[PDB]
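Participant: This structure is in structure tokens; I'll ask about it shortly.
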Amino acid sequence: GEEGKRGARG
Amino acid sequence: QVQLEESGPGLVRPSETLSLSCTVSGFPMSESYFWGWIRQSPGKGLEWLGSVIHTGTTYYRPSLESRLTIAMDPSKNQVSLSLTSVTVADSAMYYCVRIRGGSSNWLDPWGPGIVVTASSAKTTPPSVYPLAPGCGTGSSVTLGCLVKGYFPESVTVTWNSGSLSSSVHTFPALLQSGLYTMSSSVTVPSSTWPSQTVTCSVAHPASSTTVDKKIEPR
Amino acid sequence: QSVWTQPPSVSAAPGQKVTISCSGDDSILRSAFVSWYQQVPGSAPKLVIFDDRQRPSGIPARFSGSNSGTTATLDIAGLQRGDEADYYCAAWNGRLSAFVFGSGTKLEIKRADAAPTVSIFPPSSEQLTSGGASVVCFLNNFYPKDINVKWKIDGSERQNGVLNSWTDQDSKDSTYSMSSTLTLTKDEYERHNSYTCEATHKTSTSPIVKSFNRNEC
């Protein structure tokens with residue numbers, strides 16, 4: 001799922 | 001493995017829309033990767049423009065988000081850039097990239113890049129002049145071509161010395177009077193020229209012009 | 001910040017090791033995976049490190065990376081002449097919600113000092129016919145990059161009308177090359193006999209002098 005956005009580390 | 005190539009105009013007028021296309025080969029655009037655009041202005045750094053994924057989620061450089069649209073067409077295997085109200089400051093090399101998103105945000109691979117100039121100046125083909133030694137040699141001989149009075153960037157200079165191998169230096173262009181000048185030197189064994197012909201070919205895609213100059217002795 | 005801070009330049013000899021830093025505000029880089037790109041002049045950037053320390057397939061292990069959280073670091077060991085390039089770090093900036101690149105670091109590969117091979121060229125008849133006259137000097141395959149070129153017309157120094165252009169560092173022999181072009185009008189060019197290009201380089205206390213005399217024709 002996470003690969004569908006762009007952002008910072010969790 | 002992923003293949004990318006950019007297409008579009010090398011010259012756009014201020015206030016018009018810059019439209020670029022990138023064809024993606026050898027990789028599914030329906031996989032979990034973003035597809036995006038980076039640019040680099042002459043002598044300066046890399047600037048992320050934005051990206052898109054097949055679900056439609058899109059990211060943009062905040063300062064350009066009002067002008068910039070990045071989209072993809074999985075049927076055509078294309079990712080597009082559309083930048084409206086262009087100014088001189090949008091002159092740059094534009095690169096297509098595949099991006100692994102989430103928290104990774106790595107870019108691999110990159111397309112070869114396309115040079116875009118935003119300007120009102122007219123496209124002008126180069127004048128090409130041979131550089132041969134003056135009247136009155138060691139083990140090598142250096143020849144050249146001087147490429148003058150063209151706009152916009154870029155030109156590509158190559159040297160036909162047949163099957164003879166050669167050492168080439170291509171000098172970066174300098175802008176003057178709204179026109180670029182550059183040169184290229186070629187060095188060959190002194191025993192080879194002038195019996196082996198040596199000819200520069202200068203391609204200027206923006207003006208659809210190619211000029212060859214055979215270097216003859218003075 | 002909207003650009004990560006990198007040193008402008010690093011320089012070392014083949015076989016040696018350099019480290020290139022990439023810094024953000026406070027510990028912002030702790031929240032991101034850093035990647036690194038190699039850009040050989042005239043080519044697209046190429047991914048060398050991703051997720052702080054991973055190597056793409058085919059990138060050699062002498063490229064390595066770390067992310068301390070305040071600064072990220074690219075190590076390049078066992079330097080080869082083909083490593084001359086600009087290196088950029090990159091990372092998502094969550095505070096700006098944008099992907100940010102570093103300001104870039106040029107790697108110079110050191111070599112033995114080398115004097116330039118100097119070549120001088122009269123204007124072509126073709127250029128003259130149109131009113132201008134460019135005399136061209138090539139100063140090729142020298143090291144280090146610093147070099148002074150002086151033009152003389154009939155032995156007298158000429159200041160105006162000179163344009164110089166340098167290549168990037170050579171990927172095979174680590175040298176630099178330069179063109180120096182003196183542009184006059186046709187009428188001006190034709191008023192004189194000798195044209196001289198003088199190169200002053202650290203490899204000699206005496207300049208390398210190349211000339212042509214129009215009366216040799």
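Residue numbers start at 1 in each chain; chains themselves are named A, B, ... in the order of the structure tokens; ligands are numbered from 1 in the order shown.
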Taking only C-alpha atoms into account, what are the residues of chain C at most 7 Å from chain B, put as number ranges by chain?

Facilitator: C: 32-33, 35, 43-47, 50-51, 91-92, 98-101, 103-104, 119-122, 124, 126-127, 165-167, 179, 212, 216-217

Participant: I'd like a table as JSON lines: residues in chain A with an atom no more than 6 Å from chain B, each row giving the shortest atom pair and its distance in Å to one decimal, only C-alpha atoms counted, sorted by chain and rising residue number.

Facilitator:
```
{"residue": "A:2", "atom": "CA", "partner": "B:102", "partner_atom": "CA", "distance": 5.1}
{"residue": "A:3", "atom": "CA", "partner": "B:102", "partner_atom": "CA", "distance": 4.2}
{"residue": "A:5", "atom": "CA", "partner": "B:102", "partner_atom": "CA", "distance": 5.2}
{"residue": "A:6", "atom": "CA", "partner": "B:102", "partner_atom": "CA", "distance": 4.5}
{"residue": "A:7", "atom": "CA", "partner": "B:103", "partner_atom": "CA", "distance": 5.2}
{"residue": "A:8", "atom": "CA", "partner": "B:103", "partner_atom": "CA", "distance": 5.2}
{"residue": "A:9", "atom": "CA", "partner": "B:103", "partner_atom": "CA", "distance": 5.0}
```

Participant: Generate the output file for the selected residues, C-alpha atoms, as a PDB file, in the first residue's frame.

Facilitator:
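And here's out-v9.pdb as it stands now:
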```
ATOM      1  CA  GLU A   2       2.707   2.466   1.089  1.00  0.00           C
ATOM      2  CA  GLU A   3       4.247   2.380  -2.428  1.00  0.00           C
ATOM      3  CA  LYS A   5       2.203   7.513  -2.067  1.00  0.00           C
ATOM      4  CA  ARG A   6       5.500   9.441  -1.739  1.00  0.00           C
ATOM      5  CA  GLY A   7       6.651  10.699   1.646  1.00  0.00           C
ATOM      6  CA  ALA A   8       8.789  10.470   4.745  1.00  0.00           C
ATOM      7  CA  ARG A   9       9.752   7.295   6.622  1.00  0.00           C
TER       8      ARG A   9
END
```

Participant: Rounded to one decimal, what separation in Å do you get between CA of residue 83 in chain C and CA of residue 8 in chain C?

Facilitator: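 Computed distance, CA of residue 83 in chain C to CA of residue 8 in chain C, equals 16.1 Å.
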
Participant: Could you check the closest approach to chain A for each of C:55, C:81, C:30, C:202 and tell me which residue wins, using only C-alpha atoms?

Facilitator: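 Of all the options, C:30 lies closest to chain A.
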
Participant: Can you list, as a count of residues only, every residue of range 43-205 of chain B that DSSP puts in strand (DSSP E or B)?

Facilitator: 89

Participant: Find the distance between CA of residue 23 in chain B and CA of residue 72 in chain B and write it in Å to one decimal.

Facilitator: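 Separation between CA of residue 23 in chain B and CA of residue 72 in chain B: 10.0 Å.
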
Participant: Can you work out which one of C:97, C:71, C:6, C:39 has the shortest atom-to-atom distance to chain A, counting only C-alpha atoms?

Facilitator: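 So, comparing all the options, the nearest one is C:97.
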
Participant: Please compute the CA of residue 140 in chain C-CA of residue 118 in chain C distance, one decimal, in Å.

Facilitator: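 Interatomic distance, CA of residue 140 in chain C to CA of residue 118 in chain C: 6.4 Å.
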